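Starting off, we have a lone chain in the form deposited in one PDB entry, written out as structure tokens.
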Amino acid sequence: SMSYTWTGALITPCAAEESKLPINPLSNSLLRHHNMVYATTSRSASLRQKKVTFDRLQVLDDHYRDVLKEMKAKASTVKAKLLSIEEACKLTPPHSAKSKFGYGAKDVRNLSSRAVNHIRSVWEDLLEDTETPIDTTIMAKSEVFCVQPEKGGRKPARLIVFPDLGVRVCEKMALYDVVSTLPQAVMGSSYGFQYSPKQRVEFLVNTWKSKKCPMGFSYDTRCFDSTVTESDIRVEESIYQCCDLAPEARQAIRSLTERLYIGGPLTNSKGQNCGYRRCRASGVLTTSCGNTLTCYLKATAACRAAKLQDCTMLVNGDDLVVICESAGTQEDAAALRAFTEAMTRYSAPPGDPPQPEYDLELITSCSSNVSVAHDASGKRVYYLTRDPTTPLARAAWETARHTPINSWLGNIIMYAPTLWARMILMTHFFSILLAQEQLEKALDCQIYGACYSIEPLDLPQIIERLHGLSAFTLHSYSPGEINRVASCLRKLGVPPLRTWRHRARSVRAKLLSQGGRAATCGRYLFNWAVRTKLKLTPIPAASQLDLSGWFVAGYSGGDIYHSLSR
């Protein structure tokens, strides 16, 4: 079966697309080699289409069947709730793509009669029609990156496939509780999204330390969404049906599976038929949960076929990492070859073959790795970091153009204890917000796929809560880390680290001479910059009235919004 079939009609943009980082009079503040930065457009969609289109061969065995059963036994434990129309409407983001039927996201969140009436008709139709394929729109996504080491090497745009706004609200009524609760019930501590960065590190380290003689490797599949088969999607549904569910929820799930999740027709922004899909749609509520369960299922069965000792896995969508008991250098290498052969049989071949690693700091997963620094007292602290190239390019682009979503904010949040995030990101953006007086204006950013509204004045509290005060006192970063960061700054033309120390004291001062939330930002966010460092004490409001539901599950491609955690 082919992952996609194409008619020849083109994948079209619904509006003008910027590809080059226009000559900004402030982004230079950050980076000078503009030509290194680019955004993907519709123009490279055909290149992506050829990467993503191929026949899938899949052969299942006893290990696969044993593991599926164990998963279903755990899922049987779950009781899921049907969301009411109102609750599902509130989860919709304010700028979600409007409906083909004459109402938008503003209308849905306001519970307008025309929106609610169309939403009900969609719901009833899921009960009355068990089989007609549901329409979806295919689009080229606009994402920014830094040019490939092979100068001129560029990533073609990724493709996003999604049903109408009305269908998306119904997916939430039937499946939001399921997608937010079942992964953890089935996968235990192996479910990645239940962890904040601080917790993910803790789990990686204790697990590594749990081994007598550790071995580990990251495994990334080549175009995972396209490797997902009709069979995989139906197995996913068999796991969801093990929950206790209301009858209408049960039928909605059955209909959604057959009419949308397994495949359907592709329509461009002009209303023309582009072709047909028989693999995972990247923009449905179930894609994170579905990919996570499917990845876990195939990998767990693969270790058994390969006979790997005491494997513990950590899965986030298609990102997989595993740490087992080493059995000898030669042994290990041959076990992976085996593991890859089994994954391949299960319809999940790798992009780059995996490599056994015997140093935890060398494993890269979710585009990140564990590194080591020291805190105030000097007690080796572990934390998560990543190559900063993409984050810095995106921050440059966001300085020059107002984007709906601000990755820089999410990056400060998720990587606040990092060297680059503190010296560069915090300094650059707080000077800017200072300049325009936007410390109040809340900004939209996203964590693990969900869109969250956050007011920059609350970062100190958020950071303390997630990372602990160590994040405000780390200091003797590793050499490999400092080298990677400085090498990245040269590549892009970002001013050397020692330069930022200077701008920091300035901003910091302008923030203290401000008081309120402003002043506290100045005290904790820039303590590393002051010559006379002070002793930071736990924040009041922070470690108290702070909201959660932040690290429960992944919602990438899911159209999920929460405007909480101020």
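Shifts are known only where both forms have a C-alpha. If you superpose the two forms and keep the largest set of C-alpha atoms that fall within 1.5 Å, you have the rigid core. Don't overthink the numbering: it's just position in the shown sequence, from 1.
There is another form of this protein, the form solved in complex with a small molecule, and it is not shown here; the text below is about that form.
- Residues of just one listed stretch (237-245, 77-85, 109-117, 487-495) have heavy atoms within 4.5 Å of the small molecule in the entry with it bound: 487-495.
- Site annotation in the entry with it bound: the residue of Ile463, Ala395, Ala335, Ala342 reaching within 4.5 Å of the small molecule with a heavy atom is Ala395.
- Contact annotation: of the candidates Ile539, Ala45, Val37, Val507, the single residue with a non-hydrogen atom within 4.5 angstroms of the small molecule in the entry with it bound is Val37.
- Although the partner is absent here, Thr399 sits close enough that one of its heavy atoms falls within 4.5 Å of the small molecule in the entry with it bound.
- With a 4.5 Å cutoff on heavy atoms, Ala249 does not count as touching the small molecule in the entry with it bound; it lies far away.
- When contacts are judged by a 4.5 Å heavy atom cut-off, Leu425 counts as touching the small molecule in the entry with it bound.
- Among heavy atoms of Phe429, some come within 4.5 Å of the small molecule in the entry with it bound.
- Against the small molecule in the entry with it bound, the set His33, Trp500 and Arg503 is in full contact: each member has a heavy atom within 4.5 Å.
- Relative to the superposed rigid core, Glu17 undergoes a CA displacement smaller than 2 Å between this form and the one not shown.
- Taking the core as reference, just one block of three or more adjacent residues between this form and the one not shown has all its Cα positions offset by 2 Å or more: 545-547.
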